[PDB]
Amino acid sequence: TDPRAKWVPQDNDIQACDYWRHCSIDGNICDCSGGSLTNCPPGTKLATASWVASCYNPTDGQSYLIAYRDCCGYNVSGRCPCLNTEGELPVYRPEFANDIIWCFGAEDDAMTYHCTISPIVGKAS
């Protein structure tokens, strides 16, 4: 598969990098290290702040706003790595930038990157 080709979302496997909610994920899918699609793995710290992205859901044809909160305080999982950038903007537009470690707000001031969750926070455009 050509990495430069237009990204095509699917809604049948959350551990694959083309799962629709991962349209702007950067790092690793938490479900592959003990977490779930929207929950952090045991022992890690859940961030409160994050970058977001409007991802298209091929199932219902609607676009949802996904909040890419990172699970922190652990070394990177190394499992299910992915990097998608649908609508991702440069660092001077942080609200949509994904190279930033979005660990702010995590308990114990944890700032190391372990994995990222893909929860829906609302409908987008």
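Residue numbers run from 1 along the displayed sequence.
J.: Look over 6 to 14 and 110 to 118 in the entry and identify the one with the greater average Cα temperature factor.
T.: Looking at the recorded C-alpha B-factors, 6 to 14 comes out higher on average.
J.: So which stretch wins on mean C-alpha B-factor, 75 to 83 or 47 to 55?
T.: Comparing 75 to 83 with 47 to 55, the higher average CA B-factor belongs to 47 to 55.
J.: Which of these, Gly61, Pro41, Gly27, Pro94, has its C-alpha atom at the highest B-factor, as the entry lists it?
T.: Across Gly61, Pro41, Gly27, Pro94, the entry lists the biggest C-alpha B-factor for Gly61.
J.: Split into thirds by Cα B-factor across the chain's modelled residues, where does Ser33 land: lowest, middle or highest?
T.: As the PDB entry reports it, the C-alpha B-factor of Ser33 lands in the middle third of its chain.
J.: Going by the recorded CA B-factors, say which third of the chain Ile100 sits in, lowest, middle or highest.
T.: Lowest third, going by the recorded CA B-factors of the chain.
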